[PDB]
Every structure is written in C-alpha cells, then in structure tokens.
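[1] quick one, fold the following:
(8 chains, ligands or ions: 11)
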Amino acid sequence: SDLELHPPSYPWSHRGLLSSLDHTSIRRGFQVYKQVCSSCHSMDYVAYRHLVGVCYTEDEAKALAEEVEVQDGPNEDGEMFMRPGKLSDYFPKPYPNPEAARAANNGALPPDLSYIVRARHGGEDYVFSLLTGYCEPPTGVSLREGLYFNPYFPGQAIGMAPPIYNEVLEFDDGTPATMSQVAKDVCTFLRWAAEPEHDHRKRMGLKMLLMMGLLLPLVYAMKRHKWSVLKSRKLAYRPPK
Amino acid sequence: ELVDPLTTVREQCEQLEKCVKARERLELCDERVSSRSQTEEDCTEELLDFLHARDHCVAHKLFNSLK
Amino acid sequence: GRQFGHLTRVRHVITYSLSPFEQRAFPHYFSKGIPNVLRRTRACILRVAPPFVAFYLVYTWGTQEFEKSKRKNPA
Amino acid sequence: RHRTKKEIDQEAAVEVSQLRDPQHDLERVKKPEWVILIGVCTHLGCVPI
Amino acid sequence: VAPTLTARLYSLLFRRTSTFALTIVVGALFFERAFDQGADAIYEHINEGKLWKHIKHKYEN
Amino acid sequence: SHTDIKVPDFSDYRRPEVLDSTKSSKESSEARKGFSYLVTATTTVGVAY
Amino acid sequence: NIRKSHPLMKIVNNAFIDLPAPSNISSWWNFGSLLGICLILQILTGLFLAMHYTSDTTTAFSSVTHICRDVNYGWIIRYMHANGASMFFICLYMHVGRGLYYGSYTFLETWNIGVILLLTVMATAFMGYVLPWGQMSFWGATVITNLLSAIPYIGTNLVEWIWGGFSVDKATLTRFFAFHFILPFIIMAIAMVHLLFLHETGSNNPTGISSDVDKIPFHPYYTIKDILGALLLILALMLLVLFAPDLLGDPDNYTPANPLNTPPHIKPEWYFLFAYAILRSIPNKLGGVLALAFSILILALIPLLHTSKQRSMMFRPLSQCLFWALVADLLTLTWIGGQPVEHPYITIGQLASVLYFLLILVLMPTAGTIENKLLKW
Amino acid sequence: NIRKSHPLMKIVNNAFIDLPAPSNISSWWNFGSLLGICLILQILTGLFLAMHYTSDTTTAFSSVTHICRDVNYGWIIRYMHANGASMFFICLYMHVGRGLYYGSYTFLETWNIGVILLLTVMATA
Ligand SMILES: CCCCCCCCCCCCCCCCCC(=O)OC[C@H](COP(=O)(O)OCCN)OC(=O)CCCCCCCCCCCCC
Ligand SMILES: CCCCCCCCCCCCCC(=O)OC[C@H](COP(=O)(O)OCC[N+](C)(C)C)OC(=O)CCCCCCCCCCCCC
Ligand code: HEC
Ligand code: HEM
Ligand code: HEM
Ligand code: HEM
Ligand code: HEM
Ligand SMILES: CSC1=N[C@@](C)(c2ccccc2)C(=O)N1Nc1ccccc1
Ligand code: FES
Ligand SMILES: [Cl-]
Ligand SMILES: [Cl-]
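    Numbers count the residues shown, from 1 in each chain, chains lettered A, B, ... in the order given. Ligands and ions are numbered 1, 2, ... in the order given. Now the structure:
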C-alpha cells in the first residue's frame, strides 16, 4: 500500500513490432545467468537443447551441459548417482525446494526466472530499472537488517542484495562488462527465456500483414462485384390510373 | 578503475530544468524532517518524483553507447 | 421456414438491373463515397458523441483524483 | 497471532451492539493472549493481510 | 485488334473450370516459393546481423 | 402504355469498354470477364497458401 | 434439382443458399456468423490443446508451458484459443447491442435462448481460464465459486459440493476441465436451435420495417459478405496473436497458483469487468451477488419493456442518446472493474451502477412513450 | 394443438409420438433405442469418470484406482462405463443382424451411414 514509481520505456532493439531479438546479447545474457544468477534463481522450464541454433552450436551447447553434474538413475543396484549433464537436462535447480531457499536467503524466495519478464508489469523495462536502480534510502526510511532499498520494488524493501556490478564477469567477445551492459544482456536473454517464439512470431506477423493487404481488397472486390447488380438497380412504380 | 556509461549520462541528465527542481524539493525535505527527528513523515515521495524525471531522460540516449 | 413465392403481395413495381460484368464494382469510390460518409457522421454525431465525452471527463477526473489521493499532506 | 496488552483492551473495550456478528472476545478465543483464526475472508474467500 | 492480356487469359485458362482450377493449384505452388523467399528476405534485411543465421559463420569450429 | 417505358441510363456505372451504344459488347466480353475472374483466381491462391 | 429434395441438403439449402434475407442488413448482422466461426475456432484450437494438456495441479501449469515451448506450433494454437475467446466476447457484445438498438428482441424465442447462449459461453470461458492454473486462475476461481455461499441456508453446501473439498483444489481443476470440454458442444446444439427459431421469421433489418417486399437470396450476396467479415475477424485475431498476445492477459497468471496469498489487486478479463464492478458496488454479500445476476438476466425482460410503436431506434433520436449513454455507462463500469476498490472509483462505480439499471428499467421505457406522443400515436 | 405447430416440438412429434410405425415389428426392432440409451449411459458415466481421471502415464493407472476406492460410488460408475461399452456392442451386433436377416439394408442411406456408426464406436471403445 505504498507509493509506486513505474519504470520508463527503454529502446530495446526488439521493441518494434517487426524487430527481432539481438542474439549476441542473448548469448552474453546466458553467461550472466550462469555465473551470477543461477546460484540463487532457478529456471525450471529451460533445457540446454533450447540453446541449440539460437545462440550456441550443438557442440557448444553439449560442452556447456557437461560442465555441471546432475542426478540420474536408478542403476541395476537401485542406487541414485551423478553424471554430467546432457542436452536433454533442464538447468540445475539451486535448491531442492523453496523452504531451503528461504533459509539460504534470509527468509526470501528467489523466484524461478523462466517467465519473470511476463509475470511482472513492465517486463525487461522493470527488470532493467530494478537491477540498475539501487540507491541509498531517502531520509526517514530505516530498513531492518537483511533487507535492501530499491525504489522500483513494491514497498521499496527487497530481500535481494544488488546482484550485479562492474566486472562481475568477463564476456567471451571482449565487450566491456559494465553494469548497464550486464543489465541489457541479461534482460534480452530473459525475454528469450520467457518468449522463445518471439522472432518466429514476428516473421509470421509480417507474412500475415502482407497477405491481408492483398486478400482484403480482393475479397472486398468480389463482394462489390456481386453486389453491384443491386447497388445500381433502379426502381419505378407504375400503378394503373 | 573501469568506466561506466551509466554514470556519465545521469550527471548530464540532472542538469535540465525538469530535474534540478525535483532535486531542490527533496533537498528541502532532506532538511525539513531532519530538523529534529521525531515525526513519522518519511521522505520517499519526493525521491520517486526525482527518479521519474531522471530515468525518463536516461532511457532516451543510454542505449546509444552499448552493443 | 419461408420461401420465395409465398412472402408477400406486390403490384406495379418495375426493377431494372445490370449485369455485374457490364459495370464497375468501385464507381466514384472517393468522388461520391467521402461526401456520403460526412453526411452519415454529421447526422448521428450528436447522438453518439456526448455520452462518450461524458465518459472521457469522468475517466480523467477519477484517475487524476486517485493518482494523487494517496499523496501525502503536511498534517 | 500472539496478542499484546495494547490490543486486548482495544478489542475488549468495544461496544458489541452494532457488530454485524456480535460476540465478546471471550466466546472467540480460549485464552485472552491467543487468537487462532483461519485465513479466509467471509465474503468470497480471499486471505486478509 | 489483338485481344489484351486479360482476354487471352480468359480464352485459354479461365473459361473451363478445370483449367481455371489447375492454374489456381499451380499458381499456389509458384506463389508459395516466391512469397516465402521474398518475405523472409525482408524480415532479415530489417534485422541484419541480429539472429543466428548471420553469426553462424563465427562459431563454425 | 408499356411502350412508354424506357430503361434508364447506366453510364454512371458502365465500364469504359461498354459506354459506346454503337460498338459491340462482344469485342470486350473476354477482357471484362477475364479481369473479374482474375480477381477470384488470385484470391483462392492466397487462401490456398 | 437435387439441392431442394435430398433430405440432408434440403436443410442446408433453406439456411444458407435459397433462404430469403433482407436486402439492407448492415455489418452489424455479420456477427452472427462470426460467432459461429469463433466457436469453430475455439473447438479446433481447443481440441489440439487438449491433446497435450494434463489436468492436475502438479503439472497443469507445466503442461501449458510444454505446449508453448516444445510442441510444434502449440504456442500459436494456445494464443489463438486465448485470444479467440476474447474475440468471441467482442462478437457477443456487438451481437446483443445490434439486437437492442434495432429491436430484434421482439423475436422472443430466438432472443430468450440467446440469453442462454450468453450464460453458457461465460460459464465456458470461466472454466477455461482456470485450467492453466496461474494465480489469477486460482483466486478468480475462488471469488466466483464463493458467490454461491451467499444463497441462504443451502449456500455453503452447494459451494463445497461444487468444490469436491473445502476449497478450489485438485478435484475442481479436473471437473472444470471436463466441463470446459463438453460445454462448447452443448453451445453448438443450442446455437442450432437459435437458428431454427430465427428462420421461423427471418431477419430483422436496420429500419424495423418488414422486408417481405424486398428480399434477396442469402447466396451469393451474404455468403460473400460473411466471408469478407470473417477475413476481418481473422485479421483482428491474428493481430492479437502475432503482435500482442499478452495485452489482454494478466501477468500474474504466469506464476503457478498459490493457495496461501492473493495478489494485492485482482482483475477479471475485460469481458467480465463491467459485471464485477456491479458486484463490488454494494456493501452486502447477498446484495452484491443478486445485483450481479440481475445485471445479465436483465436481458430476459427487455422485451417486456418495449413501449415504442416503432421497432428499431433508427427513427427514434431520444432512444439513440439513451442507448449510447448505456454503452458509455457500460464502458465506465468496465473501467471501475479494472481498478482497485478505492476513492473515488468506489462512488463512481455506484453511480454508473445505478445508471445501468436506471436506463434499462426507467429512462428507456419512458423515453419510448414520449416519442410516441411526439408522433401523435 | 400446440404439439403439432411449435417448431421445436414438431420435430419431436414426428419422431416419437405421431410417427407411423408398423404394427408387427418384433423385439429385434427394440435395439435401435437401446443403442441410444447405451450411448446416453456412456456419456453420463463417461462424463463423471472424466471429472476424476488424469491423462498421463505416471498417474493414469492410479487415477482409475482412485475412482474405484476413494470417490463416492465411482467404482459403480466405472463398471457401468466398462460394461456399458460391452452392452453397446451386444446391441450393435443384434441391430446389424436384424438388418441382414430382414433385409433392412435396402435403405441404402440409412444403412451405409450405419456402417459409419459402427466404425466410430469401435474407434471410441
Ligand atoms: C454487456 C457487455 C458490456 C461490455 C463493455 C464493452 C465496452 C464498450 C466499448 C464501445 C465500442 C463502440 C463500437 C462503435 C459504435 C459506432 C456506431 C456508429 O458509428 O453509428 C451509429 C448507428 C446509426 O445508424 P442507423 O442504423 O440509425 O441508420 C443509418 C443511416 N445511414 O447505430 C448503430 O450502428 C448501433 C448498433 C449497435 C452497436 C453495438 C455496440 C454496443 C456494445 C455493448 C452493448 C451491451 C448492452 C447490454
Ligand atoms: C489432398 C490435397 C488436395 C489439394 C487440392 C487443391 C485445390 C485448390 C482449389 C481449386 C478449386 C477452384 C474451383 C473454382 O474456382 O470454383 C469455385 C468458385 C468459382 O468462382 P467464380 O468466379 O464464381 O466462377 C468462375 C467460373 N469460371 C470457372 C467459368 C471462370 O471460386 C470462388 O468463388 C472461390 C473464392 C472464395 C474462396 C474463399 C472460401 C473459404 C472460406 C472463408 C475463408 C475466410 C474465413 C474462414
Ligand atoms: C541475475 C543477476 C539476477 C536477476 C536478473 C535477478 N536476481 Fe534475484 N532474488 C534474490 C532473492 C533472495 C529474491 C527475493 C526478494 C523478495 O522476494 O523480496 C530475488 C528476487 C528477484 C526478482 C523478483 C522481483 C519481484 O518480485 O518483483 C527479480 C526480478 C530478480 N531477483 C532478478 C537473490 C538473488 C541472488 C542471491 C545472491 C542472486 C545472485 C540473484 N538474485 C540474481 C539475480
Ligand atoms: C453462441 C452464441 C450465439 C450464436 C452462434 C449466434 C448466432 C446468430 C446468428 C447466425 C444469427 C443470424 C444472423 C445475424 O443476425 O447475425 C443470430 C440472430 C440473432 N441472435 Fe444470435 N447468436 C448467439 C448468441 C445470441 C445472444 C447472446 C443473443 C441476445 C442476448 C442473441 C439474440 C439474437 C437475435 C435477437 C437475433 C435476431 C437478429 C436479427 O435477425 O435481426 N443471440 N444469432
Ligand atoms: C466457445 C468455446 C471456448 C472458449 C470461449 C474457450 C476459452 C478458453 C480460455 C479463455 C482459456 C484460457 C486460456 C489461457 O488462459 O491460457 C481456455 C483454455 C483451455 N481450453 Fe478452451 N475454450 C473453448 C472451447 C474449448 C474446447 C472445445 C476445448 C477442448 C476440446 C478446450 C480446451 C482448452 C484447454 C485444454 C485449455 C487449457 C490450455 C490453455 O490454457 O491454453 N477449449 N479456453
Ligand atoms: C450408434 C449407432 C446406432 C444407433 C444409435 C442406431 C439407431 C437406430 C434406430 C433407433 C433405428 C430405428 C429403430 C430400430 O429399427 O431399432 C435404426 C434403424 C436402422 N439402423 Fe441403426 N443405429 C446405429 C447403428 C447402425 C448400424 C451399425 C447399422 C448397420 C450396419 C445400422 C443400420 C440400420 C438400419 C438398416 C435401420 C432400419 C431398420 C428398420 O427400420 O427395419 N444402424 N437405427
Ligand atoms: C459410446 C460411447 C463410449 C464408449 C463405448 C466408451 C467405452 C469405454 C471403455 C471400454 C473404456 C475402458 C474402461 C476400462 O477398461 O476401465 C472407457 C474408459 C473411459 N471413458 Fe469411455 N466410452 C464412451 C464415452 C465416453 C465419454 C463421452 C467420456 C467422457 C466425457 C468417457 C470417458 C472415459 C474415461 C475418463 C475413461 C477412463 C476411465 C476408465 O478406464 O474407467 N467415455 N470408455
Ligand atoms: C476463474 S478466473 C477468470 N475466469 C474469467 C475468464 C471469467 C470469469 C467469469 C466469467 C467468465 C470468465 C475471468 O475474468 N477470470 N478472472 C477473475 C478475476 C477476479 C475475479 C473473478 C474472475
Ligand atoms: S472482501 Fe470480498 S473476498 Fe475478502
Ligand atoms: Cl503459462
Ligand atoms: Cl485398475
């Protein structure tokens, strides 16, 4: 029941109606999630195979899956065991359940991020503004220990410490890992995570507009063609006198 | 040690007339309640207005520097 | 149901019609079309517009009040 | 909810004539310092904050 | 007094319903190639160097 | 009295190839039919696609 | 001629080909067939979703996810089904508004079962929105089902009997999926009785005057206009599917259902917001529920409120203005319904709520009596 | 007389009330309506099973178990639906045999779609 400040609209390169995602920024954004976010945030609905042909090759994505160990089994003795990930595995969860998560994060629950952009008003505008929007509390607000001031979060008191900062990681293509850079890349990746169909739907949308621009006047012309018999008909009344 | 395109834009954003006025109204509220602490009158409202006008002008030209 | 030949009674009415392949499907589409649209909107605007302007004024006032009703006062 | 003494005497020093479902704090709880409810609104089932 | 293209199209293709339908199905076949060819060419020229089709050459090996 | 009848003028709706009342309509019958049936053919193409 | 004597093609002939229809019915008469198309789309997209959806709380949220990510072209099927439902309600509300403005309600049998067709679609889309099992799905399902607890004496029994428990849980999601599957076929059956009673008389037209003196066959004139209209219906749907799929959907529904806390502000889909506003306009439980029921069941008693010696409003300016004050008033109640119960939206919601019932029950009946006396009859 | 002029009750009248029928049709002509009843039973028992059944391999076996043990009177609903399907096929085979012995197949349209009604029931069960 506090005052709200809504995020402005940043000019993402995928904002326009026909504008695709930038897949190099996705690639960088996955690197942010893996190294920084995945230790607190799950992504229960994304698997390594989804990366293939979007931002990594099959060989690259396979090598990426094998960099972590996942549980499998039972074997012939009835025991569970660990093996390296394969393309079919979903991204490892950091905690077995949310109760462990609250205990590891001063009682707060980092939500799953698979859909985070779609489950909050403002999408990447909100997330970009949140990550890059931390500041000292205004005069008269004193937050309990464990909590951090962030003016874009409802109530302005969030249980997540600022998770990104200059040089948290180095990008593979040499791009300077500035806070704003890291925010932009991770936000583009999170859009893709929530809406992998983004680019394909816009390509279809273009084809739908072009076909409609053809079919609407042609079907209109067929309507007018048949109806012209009636629209130009003339009547006369000739009663006997 | 390492620069930041985020911080440079914000310092040249707070210069336009619409942003300094919000700075003056919260700097008053910085000294109004802290005249002597006792009240319950926080000062969150005058800060969110300053961030509204500020973060509007950053989004315009921030992305011109990134890849 | 109802059939042609059992509808009603008509007498002394002549209808002239032209084939659709002998005439144009878009004749004077803009020449006569736009002035007719102006007449049609002119004839009905006073019956439709006022209630939706009335809605517009309530809509802006109600949000304007609510958007600032939760602002703080010095008291 | 563990009720304090600032709250017992607020809900004890209340008139019950105008209540919609009138009943003193005795009938409600078992002991004056304990209120054990169930979190559903009696209107249409939302949980109150 | 050679008949225009529209008249020669009617005499040869449209008068018979069968030939009228044959050229619809054939018209669909050749329209499909050139429409998806040209349409995809626009969608990516707008988004040049933005998606995997373009940056595929970097990570070949 | 039915000889007093005259069909009214349709020149406001006739196509260009027809307004000459002294020129045969068969000279343009194939071009006019072809144009309207070409509209239909390209329509079913798009629905087919 | 076999088209007129084959017992099967006879019924098709008398309904789509040689059916006499008025020569002057406008685009507002296109929405009857667009409702049929909308229904067909919701059958087909609905059916192909039901081949990949699972009906239990543990994986109901995940099976919808599984469609939008893993099955070929299931995301487009799913948004067609979601936005198809909203297009269904656009067409429903134009269909009804056409009937009121032009007086088509005098077809009592056709009209009174039309009301039934409205209720069953609402009941369908209600039990459809529960299935993805998001937050809005769960608590929207909670608010609605508890409306029956307001019935005196037997209230709680009907709710817990509907629930199959003590709250909306696994047992409800399973039966609601069963109901959501079967109801759209009942709808199609009643829509066929809708037409059967309609053909008894034929269509009304913009003037309210009998068109027997000037009818045209339905084919080719209205077959092509219904095609053109449908092509504009596909356009409306595909713009929503392919350029704005989450414009009408609420973000909160993208978080799995949590039976322990609500969102700070819940809002139905747009097509129910006007009625939710009427519910909240009363500080009484049973009062709010009854005002909600009569908000829709008011349609059943429109024909009893017809006072004009003319049928359509085309020649009734004073009724036109009151008609558009109802659309604006309904557009007002939609706005309140999407806003939190706070000042001044509360008092606005009550004034617009009275104006709704005041127009239908008082102002429009007497407005027709005036204009009868202005015309000396 | 309203039974003969109401557009809805007209179709009921001409099918179940005033419909002329032969005076000598035996019990082998009873199976047409028993097929309709069987269908209605399979709709209703089927529908009330679908309110408690889940459609995935992990718990599909268990949800049927859940019906026969936990839901009130679901075991009887389930055996009605299972045995109702078998009664459906008894009636189907008598229906066809009646048609062959007494030559009813000369109604080509009725018969040829009857074949279609046989295939779709098999596909259902
Ligand atoms: C219960 C559900 C509530 C849900 C809330 C929905 C939000 C409402 C948003 C408003 C959208 C309005 C659509 C645009 C209407 C424009 C109409 C116009 O341009 O022309 C007025 C026309 C007059 O034309 P005549 O027929 O008198 O004669 C013509 C002579 N040339 O007269 C006519 O054409 C009028 C025909 C009927 C119009 C249908 C719109 C009404 C929609 C809701 C009605 C529900 C009532 C219970
Ligand atoms: C197993 C794989 C098999 C695949 C087979 C592929 C075959 C493709 C279709 C070809 C058939 C063509 C038949 C044909 O055109 O006749 C149908 C009508 C006739 O048009 P019309 O111009 O009246 O008369 C033509 C007369 N002629 C031939 C002498 C010139 O033509 C038209 O009038 C049709 C125009 C309207 C089409 C739209 C109908 C779809 C429903 C609505 C769509 C939008 C919303 C759902
Ligand atoms: C990659 C750098 C990260 C992004 C993007 C986000 N985080 Fe976190 N996070 C953490 C906790 C303990 C919470 C719960 C806070 C609370 O409920 O009060 C969160 C929550 C979020 C949210 C939700 C915001 C909202 O609900 O409106 C977002 C959008 C979010 N986080 C983004 C903890 C951690 C953490 C542990 C050290 C890390 C590394 C990250 N978060 C990383 C990211
Ligand atoms: C699934 C629901 C519905 C379907 C498929 C449907 C379909 C149709 C169709 C095809 C027509 C004839 C063509 C036309 O006028 O557009 C029609 C007419 C009519 N409908 Fe519906 N309708 C539905 C719901 C309703 C509702 C909700 C109402 C009113 C509350 C209603 C009342 C009427 C009336 C009065 C007519 C006669 C209109 C006239 O001929 O002037 N129907 N309907
Ligand atoms: C008039 C007919 C129908 C309407 C208005 C309708 C409406 C809806 C709506 C609004 C949703 C919510 C979608 C979402 O929030 O994601 C939904 C979901 C669903 N519907 Fe329907 N529906 C109709 C018919 C059907 C039919 C006939 C079937 C199956 C045979 C079906 C199957 C489903 C399924 C499986 C879902 C859950 C998947 C999902 O949420 O997308 N629907 N429906
Ligand atoms: C769901 C499937 C079916 C239903 C509900 C059904 C129902 C009926 C009914 C009620 C009758 C009239 C009363 C009677 O003779 O018993 C009838 C007659 C008939 N049926 Fe069926 N039937 C079905 C399947 C079939 C099949 C599988 C066949 C043939 C392969 C068939 C062929 C016929 C014929 C030829 C008649 C005329 C019998 C006569 O009047 O002498 N039907 N059916
Ligand atoms: C002519 C119509 C039908 C026939 C012949 C039929 C037949 C059958 C049969 C033989 C089974 C196997 C039962 C078992 O082995 O336990 C079955 C299962 C089932 N049927 Fe149907 N059925 C029909 C209609 C329906 C309908 C309309 C529904 C739902 C709306 C339905 C829902 C189910 C369900 C949920 C099961 C699985 C539960 C179970 O195995 O008992 N059935 N059906
Ligand atoms: C079951 S959640 C639900 N179903 C819808 C689609 C519906 C409700 C009633 C009738 C038809 C459709 C709707 O708007 N909501 N949301 C919602 C939110 C808050 C309160 C009530 C419903
Ligand atoms: S007040 Fe209506 S649900 Fe709590
Ligand atoms: Cl989802
Ligand atoms: Cl079993």
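
[2] which element is whatever residue of chain C ends up closest to ligand 9 on?
    Residue nearest to ligand 9 within chain C: residue C:66 (19.5 Å; Cβ to the nearest ligand atom). Just so you know, the C-beta spots here come from the backbone N, C-alpha and C atoms, and that holds for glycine as well. Assigned by DSSP states H and E, residue C:66 belongs to helix C:33-69.

[3] what comes up buried for that helix?
    Within helix C:33-69, the residues scored as buried using 16 or more other Cβ atoms under 10 Å in any protein chain shown are C:47-48, C:51, C:55, C:58, C:62, C:66.

[4] before we move on, what about stretch G:207-224?
    Within stretch G:207-224, judged by 16+ other Cβ under 10 Å, the buried ones are G:208-209, G:211, G:214-216, G:218, G:220-224.

[5] looking at these, which is nearest chain B?
    residue G:224 (49.1 Å; Cβ to the nearest Cβ).

[6] ok, that closest one - contacts?
    A:219, A:222-223, A:226-227 (Cβ atoms under 8 Å, 6 or more residues apart in numbering or on different chains).

[7] would you mind naming what in chain B lies close to chain C?
    Contact residues, chain B versus chain C (Cβ under 8 Å from any Cβ of the partner chain): B:41, B:45.

[8] surely residue A:125 forms part of a helix?
    Yes - per DSSP: H, G, I helix; E, B strand; the rest coil, residue A:125 lies within a helix segment.

[9] from memory it sits against residue A:7, does it?
    Yes - if you go by Cβ atoms under 8 Å, residue A:125 and residue A:7 touch, sitting 4.4 Å apart.

[10] count of neighbours near residue 27?
    Chain wasn't specified; assuming chain A. 23 (other Cβ atoms under 10 Å in any protein chain shown).

[11] right idea, wrong chain: chain C
    17.

[12] those strands in the chain, which residues are they?
    Went with chain A since none was named. Remark: strands assigned in chain A by DSSP state E are A:69-72, A:81-84, A:148-149, A:157-158, A:234-237.

[13] distance to residue D:13 and mean neighbour count added to these, as a markdown table?
    Converted to a markdown table, those look like this (distance: least, Cβ to Cβ, whole Å; neighbours: other Cβ atoms under 10 Å in any protein chain shown):
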| stretch | distance to residue D:13 | mean neighbour count |
| --- | --- | --- |
| strand A:69-72 | 60 | 13 |
| strand A:81-84 | 64 | 12 |
| strand A:148-149 | 39 | 16 |
| strand A:157-158 | 34 | 18 |
| strand A:234-237 | 87 | 10 |
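
[14] what's the helix or strand for the residue nearest to residue F:25 when sequence neighbours are not counted?
    Spatially, and ignoring its direct neighbours in sequence, residue F:25 is nearest to residue F:18 (5.9 Å; Cβ to Cβ, 6 or more residues apart in numbering or on different chains). Under the criterion DSSP H and E, no helix or strand holds residue F:18.

[15] gap between residue E:26 and residue A:154?
    Distance of residue E:26 to residue A:154, given as Cβ to Cβ, to the nearest Å: 61 Å.

[16] residues contacting residue A:125?
    Each residue near residue A:125 by Cβ under 8 Å, 6+ apart is listed here: A:7-10.

[17] which of these lies closest to ligand 2?
    Nearest to ligand 2 among those, with distances taken as Cβ to the nearest ligand atom, is residue A:9, at 36.1 Å.

[18] what's the burial count for that closest one?
    Per other Cβ under 10 Å, the neighbour tally for residue A:9 reads 12.

[19] wait, it touches residue B:59, no?
    Yes - when contacts are counted by Cβ under 8 Å, residue A:9 is listed as touching residue B:59 (6.3 Å).

[20] what about the closest residue to ligand 7 within chain A, neighbour count?
    Of all residues in chain A, residue A:45 sits closest to ligand 7, at 28.3 Å by Cβ to the nearest ligand atom. The tally of other residues near residue A:45 (other Cβ under 10 Å) stands at 21.

[21] can you give me the separation between the residue lying closest to it once chain neighbours are set aside and residue A:153?
    Among residues not flanking residue A:45 along the chain, residue A:114 sits closest, at 4.0 Å (Cβ to Cβ, 6+ apart). In this view, residue A:114 and residue A:153 are 20 Å apart by Cβ to Cβ.

[22] which one's more surrounded, these two?
    residue A:114 (22 against 18).

[23] residues touching that one, list them.
    Applying Cβ under 8 Å, 6+ apart, we find residue A:114 in contact with A:42-46, A:193-194, G:65.

[24] go ahead and confirm residue A:198 touches residue A:192.
    Yes - contact criterion Cβ under 8 Å: residue A:198 and residue A:192 qualify, at 6.7 Å.

[25] joint contacts of the two?
    Joint contacts of residue A:198 and residue A:192 (Cβ under 8 Å, 6+ apart) are residue A:21.

[26] give me the contact status of the strand or helix carrying residue G:138 with chain H.
    In this assignment (DSSP H and E), residue G:138 forms part of helix G:135-145. No - figure legend: helix G:135-145 not in contact with chain H (Cβ under 8 Å from any Cβ); closest approach 15.3 Å.

[27] any part of that helix near chain D?
    Yes - residues of helix G:135-145 contacting chain D under Cβ under 8 Å from any Cβ: G:139, G:142-143, G:145.

[28] JSON lines please, covering the residues you listed and showing neighbour count.
    Shown next, in JSON lines, are the residues of helix G:135-145 next to chain D (neighbours: other Cβ atoms under 10 Å in any protein chain shown):
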{"residue": "G:139", "neighbour count": "23"}
{"residue": "G:142", "neighbour count": "23"}
{"residue": "G:143", "neighbour count": "18"}
{"residue": "G:145", "neighbour count": "22"}
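
[29] just the closest of those residues to residue G:307, please.
    residue G:143 (37.7 Å; Cβ to Cβ).

[30] now whichever residue of chain A sits closest to ligand 1, nearest residue through space, not along the chain?
    Using Cβ to the nearest ligand atom, residue A:231 is the residue of chain A that sits closest to ligand 1, at 14.7 Å. Take residue A:231 and drop its neighbours on the chain: the residue closest to it by Cβ to Cβ, 6+ apart is residue A:224, 7.9 Å away.

[31] check residue G:275 too.
    Ranked by Cβ to Cβ, 6+ apart and with sequence neighbours excluded, the top spatial neighbour of residue G:275 is residue G:295, at 5.2 Å.

[32] and what of residue G:196?
    residue H:7 (6.0 Å).

[33] how much space between the one you found and residue A:191?
    Relative to residue A:191, and taking Cβ to Cβ, residue H:7 is found at 56 Å.

[34] same deal with residue A:166?
    In terms of Cβ to Cβ, residue A:166 sits 23 Å off from residue A:191.

[35] quick check: longest helix in chain A by residues?
    What stands out as the longest helix in chain A, according to DSSP state H, is helix A:198-231.

[36] for stretch E:50-61, buried residues please.
    Result for stretch E:50-61 [16+ other Cβ under 10 Å]: buried residues E:50-52.
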